[PDB]
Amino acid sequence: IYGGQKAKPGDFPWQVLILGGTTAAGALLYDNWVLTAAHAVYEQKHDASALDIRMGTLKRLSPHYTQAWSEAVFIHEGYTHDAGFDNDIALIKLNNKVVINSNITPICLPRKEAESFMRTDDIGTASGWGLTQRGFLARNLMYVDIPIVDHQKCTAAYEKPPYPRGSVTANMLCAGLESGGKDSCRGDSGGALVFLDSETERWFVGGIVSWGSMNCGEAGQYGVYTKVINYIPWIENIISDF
């Protein structure tokens, strides 16, 4: 995370670390599923080792975490690894239910009228252990509050030469400031971009950290996140079909 500050205990109890050849993230749903990006779990399909999922800690290198393991991984069928960033979403079934506590609690899925809390300029929050402006992975879980960007502003920014056109779809949302600075960065992939439902006072996931410029926090680009509300039937059918 760029331009953020340290999480406190219990701020992001859904946040999970997924540690392998990469450092990446997800968000707990219920007690036995993790929501993440497809790109973050693709390369592991043919690995002998299950995904190493770590919950309940602020410190990246905590020896003190709650261990989970993948049992099954469901990558969206519309994800095409070698052709763009569309449909960047995946569900991980854990081998056992985790016991909930103040540091381990699932994020809510967006309700039907969640878009009312995800309007242009509404503030969402990205959290993670990814690259900070120190130039290293964060030792401590960080977060940043950033606004949802008008979808056509975001699309226009990623059409300005030399960016590759046609990268931003209807299944994505963008968050950040036009000036740059505050952003999600390498290592933050798969984390939940969350929003407050002020009627229930409960937090929900609107986005999954997906992609952006190679240089995070650059002016003229915005972090791009999978738009979770477009996947609710897919999510539901995976967690039923199971």
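Residue numbers run from 1 along the displayed sequence.
- For the pair 180 to 188 and 194 to 202, the mean B factor over Cα atoms is greater in 194 to 202.
- Between the stretches 21 to 29 and 230 to 238, it is 230 to 238 that shows the larger average CA temperature factor.
- The PDB entry assigns the greatest CA B-factor among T36, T66, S213, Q44 to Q44.
- Highest CA B-factor among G130, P106, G135, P147, as stated in the entry: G135.
- Sort the modelled residues of the chain by CA B factor and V168 lands in the middle third.
- Among all modelled residues in this chain, the alpha-carbon of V98 has a temperature factor (C-alpha) in the highest third.
- For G10, the recorded CA temperature factor ranks within the middle third of the chain's modelled residues.
- For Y158, the recorded CA temperature factor ranks within the middle third of the chain's modelled residues.
- Among all modelled residues in this chain, the alpha-carbon of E77 has a temperature factor (C-alpha) in the highest third.
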